[PDB]
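K.L.:
partial complex here, more coming in a sec:
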Amino acid sequence: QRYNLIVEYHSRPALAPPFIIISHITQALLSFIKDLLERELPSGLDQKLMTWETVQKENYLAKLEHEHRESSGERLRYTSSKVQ
Amino acid sequence: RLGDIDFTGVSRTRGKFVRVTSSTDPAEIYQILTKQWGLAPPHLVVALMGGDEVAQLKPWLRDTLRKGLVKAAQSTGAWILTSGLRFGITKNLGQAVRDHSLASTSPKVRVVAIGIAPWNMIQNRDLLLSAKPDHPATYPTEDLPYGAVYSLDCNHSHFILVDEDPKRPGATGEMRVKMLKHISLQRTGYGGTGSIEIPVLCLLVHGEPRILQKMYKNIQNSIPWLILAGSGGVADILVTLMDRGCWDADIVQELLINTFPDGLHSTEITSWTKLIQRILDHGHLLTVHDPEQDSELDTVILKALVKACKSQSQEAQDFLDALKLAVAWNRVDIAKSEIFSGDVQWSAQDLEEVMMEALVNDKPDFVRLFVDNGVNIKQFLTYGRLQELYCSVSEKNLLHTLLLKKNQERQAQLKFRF
């Protein structure tokens, strides 16, 4: 809910009503005459971010597999098979 | 003959290169690598000496090798000397190196994949023949089959393209040997104050008998060698001979014939037998890496380096270079097992510099080890040394910013940083 509120007040014009009228007039006049979120990145930076995310994903999966190998149950199963 | 290459393909990348002849001095090449291209003197050099054969690595062995090599290299600044041609294990290593380079938060530590390739084996060499200083040459990347001509890997950052020698067709091998020997006689830092000799190491991956002369020359240059257990070629020969423990001419000849049936030349077979015997005669320079058992390439690298150092001599100063390597990689167990095991006498004055290095770089295990091995903190920690410890903060932690604010306040109110 706080995310929704922050986004809404981010998009909102900067003057509280009844003043709002001024911001709306300004916006309409500029539209007729002429972001922190959802920004698009240059190709190099986009590629670097994709690669960094992939590397982080690989590290996360490796950490999962490692903590699974040294789990108590996996150690016991390995020990039982090896002792047999 | 300096130039730049702008690779065109799936991923755009820029690569530097230099032409060089078999009659050049390796000192010039090292000078241009360090200064002209701005590469810091590496803390570790690993050279790939195989993988160009038709048979290639097993996929699990291949991915374990690349993962281990990258993980070992990421700790410090490492060079990976490969035949920078897009083929075989080289392509996978280049891909892993570039992937790690992109996702590296610290630009200070860099893993550089250098490529030493022959001029005659390059595809579209005339395309890069331009090499305009203002305009880098455009080069297309193509994954050619085995054949006899390949294309330069896009992921290799720098290249050393050597011309074919009119005398013998081994210019690239001789250049590689000379480069490795020259690098082995350099210092890791800009100055020889906190610098070690650069640890040069070669990794063997499914060798063919045509590389035995170069391998023996490298061994004569006294550089460690790493052998993959499951590589396939000469690597299996060597690992089996180590398992046996002794090498006899008949045994090695039988192994050579069984492993490499295509080669049928009595003179060549006898020469290869002699070369294998002479290679195994050293032994201390040879180390086996079995990912099925250890799967920690850094551990095997450190063990090989310390073994070479111990075979060289027993003085504490000789081991000091390996000690700093162990400190750098948090291998307290390996250091304890190899260096700090009875043989080497260790004084308080010897460990002072290493104690400082382990203390600054946040290595508590090594601090504990050094304290237990004669370092007297009462003696060691003077007020000047404490101020030196406070000055050499990481510059990325809270204490650095707080001390910087305090220093700014002191300067505004108004040798050592803090």
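P.N.:
It's in. Numbering: from 1, shown residues only, chains lettered A, B, ... in the order given.
K.L.:
OK, now which residue of the stretch 151-300 of chain B is nearest to chain A?
P.N.:
Across the stretch 151-300 of chain B, no residue is closer to chain A than residue B:295, which sits at 11.1 Å (Cβ to the nearest Cβ). In this view, the C-beta of every residue, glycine as well, is placed from N, C-alpha and C.
K.L.:
next one: the closest residue to that residue other than its chain neighbours from chain A, what distance?
P.N.:
Closest residue in space to residue B:295, ignoring its immediate chain neighbours: residue B:64 at 6.5 Å, by Cβ to Cβ, 6 or more residues apart in numbering or on different chains. Distance of residue B:64 to chain A, computed by Cβ to the nearest Cβ, to the nearest Å: 12 Å.
K.L.:
list the residues that contact residue 56.
P.N.:
Defaulting to chain A. Contact analysis of residue A:56 by Cβ atoms under 8 Å, 6 or more residues apart in numbering or on different chains lists residue B:103.
K.L.:
not quite, I wanted chain B
P.N.:
B:62, B:88, B:89, B:206.
K.L.:
next step: those restricted to helices.
P.N.:
Among the contacts of residue B:56, DSSP state H puts B:62, B:88, B:89 in helices.
K.L.:
mind listing the helices for chain A?
P.N.:
According to DSSP H, the helices that chain A contains are A:2-11, A:21-33, A:43-69, A:72-83.
K.L.:
three-state assignment of residue B:45?
P.N.:
Residue B:45 carries the three-state label strand when classified by DSSP: H, G, I helix; E, B strand; the rest coil.
K.L.:
contact partners for it?
P.N.:
If you count contacts by Cβ under 8 Å, 6+ apart, then residue B:45 has B:78, B:79, B:81, B:180, B:183, B:184, B:198, B:199, B:200, B:201 around it.
K.L.:
quick one: the residue nearest to residue B:295 and residue B:293 touch, right?
P.N.:
No - assessed by Cβ atoms under 8 Å, residue B:64 is found out of contact with residue B:293, at 11.7 Å.
K.L.:
which of these two has more neighbours?
P.N.:
When residue B:64 and residue B:293 are compared for neighbours, residue B:64 comes out ahead with 18 against 9, by other Cβ atoms under 10 Å in any protein chain shown.
K.L.:
now residue B:307, nearest residue through space, not along the chain?
P.N.:
Of all residues not flanking residue B:307 in the chain, residue B:284 sits nearest, at 5.8 Å (Cβ to Cβ, 6+ apart).
K.L.:
let's put chain C on the structure above:
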Amino acid sequence: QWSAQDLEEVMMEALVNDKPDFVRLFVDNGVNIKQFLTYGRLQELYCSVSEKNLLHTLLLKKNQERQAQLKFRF
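P.N.:
Putting chain C onto the chains we already have gives this:
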């Protein structure tokens, strides 16, 4: 010795029959998904659904709607 062309049919069989372990094995043994997965092959994968899962019924409803509005099953 295993080539990419050799494993193509087996890759398709393992992919259709829901064998993730074999898909992982074939990918690691030279099957290049960039090379292997063309749009025609993706449509072939979509056509050969189990006919007992939700996606089959949903695609059947969509196809019935398309036919009512008006080679490969889907």
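K.L.:
go back to the contacts of residue A:56, now with chain C?
P.N.:
residue B:103.
K.L.:
quick one, strands of chain B?
P.N.:
Here chain B has its strands, by DSSP state E, at B:2-8, B:13-20, B:44-48, B:78-81, B:111-112, B:114-118, B:137-140, B:158-162, B:200-204, B:225-228, B:286-289.
K.L.:
ok, which of those comes nearest residue B:301?
P.N.:
Residue B:301 lies closest to strand B:200-204 among those, at 6.1 Å (Cβ to Cβ).
K.L.:
can I get the CA coordinates of the closest one in CSV?
P.N.:
Listed next in CSV are the C-alpha coordinates belonging to strand B:200-204 (Å, rounded to 0.1, in the frame of the first residue of the first chain):
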residue,chain,number,x,y,z
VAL,B,200,53.7,-18.0,-13.2
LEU,B,201,51.9,-21.3,-13.7
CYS,B,202,51.0,-23.5,-16.7
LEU,B,203,47.9,-25.6,-17.0
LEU,B,204,47.9,-28.6,-19.3
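K.L.:
so what strands line up beside it?
P.N.:
Strand pairing for strand B:200-204, using DSSP bridges, gives strand B:44-48 (parallel), strand B:225-228 (parallel).
K.L.:
now render these as JSON lines, adding distance to residue B:29.
P.N.:
As requested, the strands paired with strand B:200-204 are exported to JSON lines (distance: least, Cβ to Cβ, whole Å):
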{"stretch": "strand B:44-48", "distance to residue B:29": "13"}
{"stretch": "strand B:225-228", "distance to residue B:29": "22"}
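K.L.:
show me the contact partners of stretch B:345-356.
P.N.:
If you take Cβ under 8 Å, 6+ apart as the criterion, stretch B:345-356 is touched by B:194, B:316-317, B:320, B:323-324, B:327, B:340, B:366-367, B:370, B:373-376, B:379-380, B:385, B:388-389.
K.L.:
quick check on those residues: which are buried?
P.N.:
Among these, those scoring as buried are B:316, B:320, B:323, B:324, B:327, B:340, B:366, B:367, B:370, B:373, B:375, B:380 (criterion: 16 or more other Cβ atoms under 10 Å in any protein chain shown).
K.L.:
just flag the most distant two among these.
P.N.:
Maximum distance among these (Cβ to Cβ): 18.8 Å, for B:316 and B:367.
K.L.:
the buried ones among the contacts of stretch B:345-356 also near chain A: which ones?
P.N.:
Among the buried ones among the contacts of stretch B:345-356, no residue is within reach of chain A (Cβ under 8 Å from any Cβ of the partner chain).
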